[PDB]
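Here we start with a single chain on its own, the form deposited in one PDB entry, put down as structure tokens.
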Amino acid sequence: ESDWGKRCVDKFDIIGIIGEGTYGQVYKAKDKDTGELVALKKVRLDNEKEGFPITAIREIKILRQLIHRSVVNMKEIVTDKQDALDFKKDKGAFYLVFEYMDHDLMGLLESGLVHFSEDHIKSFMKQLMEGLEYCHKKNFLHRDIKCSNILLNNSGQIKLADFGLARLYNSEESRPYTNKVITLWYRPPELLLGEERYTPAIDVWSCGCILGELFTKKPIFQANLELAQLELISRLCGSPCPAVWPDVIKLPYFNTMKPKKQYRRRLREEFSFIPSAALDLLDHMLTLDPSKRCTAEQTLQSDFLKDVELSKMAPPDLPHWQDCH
């Protein structure tokens, strides 16, 4: 169980390639013994300059510390096969074993064959913010939340995935972190303006973009460059200014990066069609000032997610299988 690394990949049957990841191919597979489905992140190491990827080391470090329902967990690590009597000739590879998940959220929306109801969105966000609360409580930032990293199986279970670019957070005192994190569409305004000493608020912003995306069926802030991305946020959320966000003047790029004009916030107008309680949550989550922004705990305490009983909720009619593409 705990004796990782020494069990063999022979123990699984490779069904096929799922896709490419950060440090190798990813494979769907079935365990020969338990008959259970998994994903196998292959980690090559004959190639590569500094041996076993440090990015994989980070993901291993964090996932062994995170144990939660709605967080993708690493079951074990598994190896190729190592010949008769010369480990120096042996130049195989390792495989990180994860519970298999049927869909990612980007795939489901991009098809246009699925429609999420209020009850379906309630269930997804409840689960997402529970796993995110857990991670933040254990001083971890995800730093890469987006639709492609939110996995979903056919029995309604949501899992936050891909802690490759995750990081420890110091709450008792502030410290400097890497600025360029999160894919641009889900990146918060503080990072755009150049904040290095950032908080768990960055992850809540990304989850806010997703809440909106679940109603619009399309990313709400969709642009190619930092400047354009801030322009689009400002149009909907209002231009960043001291009246709303006092400490914004302290940020490196507040004067370099500026919107066309001082836009008014009109989120409640543009998302009038969304339910009222859902709109209250979205507003709090896409608040520009990170110190005023909703925490993951607070989202669970909101009206929209307060009384969502997950065992009582029925699973959504999802597509069975993809046609491999």
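Heads up, when I say rigid core I mean the largest set of C-alphas that superpose within 1.5 Å between the two forms. Numbers for residues come from their place in the sequence shown, where the first is 1.
Check your understanding: Hey, does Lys89 drop out of the model in a third or more of the other PDB entries compared here?
Key -> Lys89: unmodelled in at least a third of the other compared entries.
Review point. Per the PDB record, is the mean Cα temperature factor higher over 162 to 170 or over 186 to 194?
Key: Mean B over CA atoms: larger for 162 to 170.
Review point. Which is higher on average in the deposited entry, the C-alpha temperature factors of 173 to 181 or of 241 to 249?
Key: In the deposited entry, the stretch with the higher C-alpha B-factor mean is 173 to 181.
Point to revise | Most elevated Cα B-factor in the entry, residues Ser272, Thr287, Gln298, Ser291 | key: Among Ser272, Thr287, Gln298, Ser291, the PDB entry lists the largest C-alpha B-factor for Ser272.
Check your understanding: Lowest, middle or highest third: where is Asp33 by Cα B-factor in its chain?
Key -> Highest third, going by the recorded CA B-factors of the chain.
Point to revise | Chain-wide C-alpha B factor ranking for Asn73, given as lowest, middle or highest third | key: Ranked within chain, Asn73 CA B lands in the middle tercile.
Check your understanding: By its CA B factor, does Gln65 count among the lowest, middle or highest third of the modelled residues in the chain?
Key -> For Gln65, whose C-alpha B-factor we compare with every modelled residue in the chain, the answer is the middle third.
**Study point:** Relative C-alpha B-factor of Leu109, binned into the chain's lowest, middle or highest third
**Key:** According to the entry, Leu109 has a C-alpha B-factor in the chain's highest third.
Review point. How does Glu59 rank on Cα B-factor within its chain, lowest, middle or highest third?
Key: Lowest third, going by the recorded CA B-factors of the chain.
Not pictured, yet referred to below: the form deposited in another entry.
Check your understanding: Considering only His115, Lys218, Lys180, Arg175, which residue exhibits a C-alpha shift of no less than 2 Å between the shown form and the other one, with the rigid core used for superposition?
Key -> Only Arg175 moves by 2 Å or more at its C-alpha.
**Study point:** Yes/no, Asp317 Cα shift of 2 Å or more between the shown form and the other one with rigid core fixed
**Key:** The answer is yes; the displacement is at least 2 Å.
Check your understanding: Taking the rigid core as reference, does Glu99 move its C-alpha 2 Å or further between the shown form and the other one?
Key -> No, the C-alpha position differs by under 2 Å between the shown form and the other one.
**Study point:** Exceeds or equals 2 Å, Cα of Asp46 between the shown form and the other one, core fit
**Key:** The answer is yes; the displacement is at least 2 Å.
Check your understanding: Compared with this form, is the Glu173-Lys180 Cα separation smaller or larger in the other form, the difference being 3 Å or more?
Key -> Those two alpha carbons end up closer in the other form.
Review point. Are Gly194 and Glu173 closer or farther apart at their Cα atoms in the other form than shown, with the shift being 3 Å or more?
Key: Relative to the displayed form, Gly194 and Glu173 draw closer in the other form - a change of at least 3 Å between their C-alphas.
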